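The chain below stands alone and is given as structure tokens, in the form deposited in one PDB entry.
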């Protein structure tokens, strides 16, 4: 079996996995805790990064460069843009962009810097495995584009703009950064999100109400994927 990283942003996104696993060891590193467990012939490394692009980049980098992760599964919640998504629905990202990476003053498109592309892709084999798991367990699973940036979106105008520019189905604050790290380090990456809110007026209240439950839905799914890897 391979060494698998499971990464979230907040305690709520990862604690459900630790409760399921029960037996694990801890290491304090990178001003955070990294958790180690054996599960179905796989060595797991788990952590929550803390919120946002920088924190999630650091944790993905640590999990691969220091702890030797060979595959990385991201689990957590997101703000829904696609009106067909409801709170609780699962979306995996086929590709992701940073909507707030902006050198447009120099005539390049939003999300672009030299040497990189606007969109980073996730791993096709992991995505196909997720589709198999979803079918086997009768779980509804949607494929889409995720827009990542360092703002909590709770504004219909901003939602509409990001949706339009990137054809994005959801937003969050860690996906594109984690996917970029994994691509750069040649590690297959899967990004799964359960919707906690619709990223408009009162998104903060929906997020507060639904984060715990939506986080569990995503967490359960990525652990099921580990069984089939």
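Only residues modelled in both forms are compared. For the two forms, the rigid core is made up of the largest set of C-alpha atoms that agree within 1.5 Å on superposition. Numbering follows the first chain given and starts at 1.
Keep in mind that the form deposited in another entry is missing from the display, and what follows is about it.
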Spell out whether the Cα of residue 203 moves at least 2 Å between the shown form and the other one when the two forms are superposed on their rigid core.
yes
How does the CA gap of residue 143 and residue 201 change in the other entry versus this form, closer or farther, if it moves 3 angstroms or more?
closer
Moving stretches between the shown form and the other one on a rigid-core fit: which runs of at least three residues all have C-alpha shifts of 2 Å or more?
199-220
